[PDB]
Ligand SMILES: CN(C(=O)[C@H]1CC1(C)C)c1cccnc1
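Quick heads-up: it's one chain on its own, the form deposited without this ligand, in structure tokens.
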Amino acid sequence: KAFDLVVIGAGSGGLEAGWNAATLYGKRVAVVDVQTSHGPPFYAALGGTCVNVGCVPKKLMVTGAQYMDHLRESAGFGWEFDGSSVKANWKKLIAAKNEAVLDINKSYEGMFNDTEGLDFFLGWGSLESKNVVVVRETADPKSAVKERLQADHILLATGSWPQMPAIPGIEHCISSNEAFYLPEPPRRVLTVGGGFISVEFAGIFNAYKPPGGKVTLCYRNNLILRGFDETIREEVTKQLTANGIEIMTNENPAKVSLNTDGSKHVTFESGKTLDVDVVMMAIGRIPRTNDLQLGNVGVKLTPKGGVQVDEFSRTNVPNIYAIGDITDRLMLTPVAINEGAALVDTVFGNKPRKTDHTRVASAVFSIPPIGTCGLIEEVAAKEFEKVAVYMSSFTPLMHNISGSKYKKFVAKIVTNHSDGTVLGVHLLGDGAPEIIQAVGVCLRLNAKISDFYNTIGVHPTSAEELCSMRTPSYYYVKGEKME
């Protein structure tokens, strides 16, 4: 069969691209994915990683984890109930999450039936030649051919995959993929990694752990959440600890063995040991290029294994494009979606558009959560002669009553002090992901600190902190911090 566009991976980017090509530019479109619904054995499926084993289910499970805090905090506002009756039923959470994800799976199924010129093929897509995608039974290129799809244009949109360290006993460890399908909540869990996935799952496991349970998070470096604002990294460390999570920094697993009872015996590089029920490896995600047989067409890969792309998502082979995590730039669903739209607008619209990977608002669904947009100060301080930092950090009033006095809201604005232009906004606290979205719009409009502090506050809110900062807390002058 012959298509204007064949999309390998029915994920965030691949579905946006395919749908836009078909419906907006009236192209005939094929899309390939390995599974029609969520879970084992391939985890990602129709909808992509976000829908199946990413943003969507994880946000539901963090929402669930948040009730641990709400139930406790309710008491400061006069709520009374039998604390000893309280159970976190993980099986119910997983069932609710599964129905939500399956409902999305099914609606995508329906979208493919009801959308003329948009066809779904099940199985493993790879490049036979520069105008032919072969769909096969398995990831093994010797497996049976299901389809051969003639393609004017080929979009690689296979996303990323958990990185597992080659340590002895790696097979006794899981990734985020398996974490979504644990039948029981682990009593003892080690999350390995200081990134958003380790931290978000550490919060999930901490809420649902059975009595006398314990969540440990380990990270090879000194401070979790590298890439985030340093004040936020320190505070989220403190606030995780105050909710009973053990943060082991400068620690990394050397090997894993099974204890006699089938629990995992963890030996850290430091020699230290830890017995846990689950070891969840969240140390990175790598582009999924192994199965695509890109050697058949000579698409240039980076040493990392990402598809190399120009700003317009073009590979070195004309008619073959890559978007989303496979490009190993910003691994976020809205960026993949944005890349997908910009490509189809370029290729089929002659409306040439590149995704701006700068000033992308993002969140961490930690407890409490992070919202951030633009540059952290250390980065700004190398690219700008004078940087101002406006900082507000305090326990909001409601958390003095709640009893969570450790829950400092952090609001930080980083500016080019020469003209007041906002380079970065960094939030930690309840609502931070919701606050930061319209901040993304501000930074796209080249907002200055004066545009923030001349806006009238909404009171009482956490967000009004952003519009109450007149005076820098400190500066960077030629990379050097000054009071």
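Residue positions are given as counts along the sequence shown, with the first one as 1.
FYI, the form solved in complex with this ligand isn't displayed, but the following is about it.
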Which pick from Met248, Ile320, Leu332, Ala380 sits with a heavy atom within 4.5 Å of this ligand in the bound PDB entry? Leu332
The listed residue (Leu93, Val299, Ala363, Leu182) that reaches within 4.5 Å of this ligand in the bound PDB entry by any heavy atom is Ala363
Is there any non-hydrogen atom of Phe196 lying within 4.5 Å of this ligand in the bound PDB entry? yes
How about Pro141: is it within 4.5 Å of this ligand in the bound PDB entry, going by heavy atoms? no
Using a 4.5 Å heavy atom cut-off, state whether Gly227 contacts this ligand in the bound PDB entry. yes
Specify the contacting stretch among 355-363, 257-265, 145-153, 300-308, defined as having any heavy atom within 4.5 Å of this ligand in the bound PDB entry. 355-363
